[PDB]
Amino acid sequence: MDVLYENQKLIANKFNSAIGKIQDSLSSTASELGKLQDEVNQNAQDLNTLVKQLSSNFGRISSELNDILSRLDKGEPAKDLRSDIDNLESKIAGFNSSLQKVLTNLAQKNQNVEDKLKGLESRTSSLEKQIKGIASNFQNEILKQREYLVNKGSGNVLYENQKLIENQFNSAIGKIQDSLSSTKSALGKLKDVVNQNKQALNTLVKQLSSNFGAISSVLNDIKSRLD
């Protein structure tokens, strides 16, 4: 009947379908971000809890080592000193062994989060490109339809529908841009904390190895003296 109205129905129905797919993508992104937030924060709490216990333990190891050193400097029987050294070395060995298992588990959990975050960054960047292209095509089609209504004015239904199509498209683009800024802000904050906490874990692994090496050096010197 009215060919220009047929053109409007086609664009409106296609647009409404496209908006639904974008809505679903945003809801999915928000859910994935919430999961990453929870996991990042749990992993951070697990690392800080471990560091606090480790600091306490190393203080006690150093104190016991220095007490033994002072007893050697003062000159006591070797039997009692050897027994105390063997007990300390066994205590350090059990602390070392259990710690290795904890550190493996933490490293795996942290890398799982890093991998998921990189995947979501990739996914959302791909979606951004896709949506930009879809939106550009709609903008092109909508602007082209103006040319068929030059002889129309306010009150005419076709003219009103064209204004509505434009107004709704423009409002959607504004909301999509808001969503894009929020996605980018969240991903960047996650990336910063994940990187800082990865560096913290790597520093912890290195400092533990250094500390255990120094403890072994001192203990081996003590044992060499007990003769």
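We number the residues from 1 along the sequence you see.
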| query | finding |
| --- | --- |
| Between the two ranges 163-171 and 49-57, the one averaging a larger CA B factor in the entry | 49-57 |
| 75-83 or 113-121, whichever carries the higher mean Cα B-factor | 75-83 |
| Candidate residues 176, 69, 194, 30, the one whose C-alpha B factor the record puts highest | 69 |
| Residue 108 CA temperature factor, ranked by third within the chain | middle |
| B-factor third for the C-alpha atom of residue 8 within its chain | lowest |
| Ranked C-alpha temperature factor of residue 127 among modelled chain residues, by third | lowest |
| Modelled-residue ranking by C-alpha temperature factor, third containing residue 142 | middle |
| B-factor third for the C-alpha atom of residue 135 within its chain | middle |
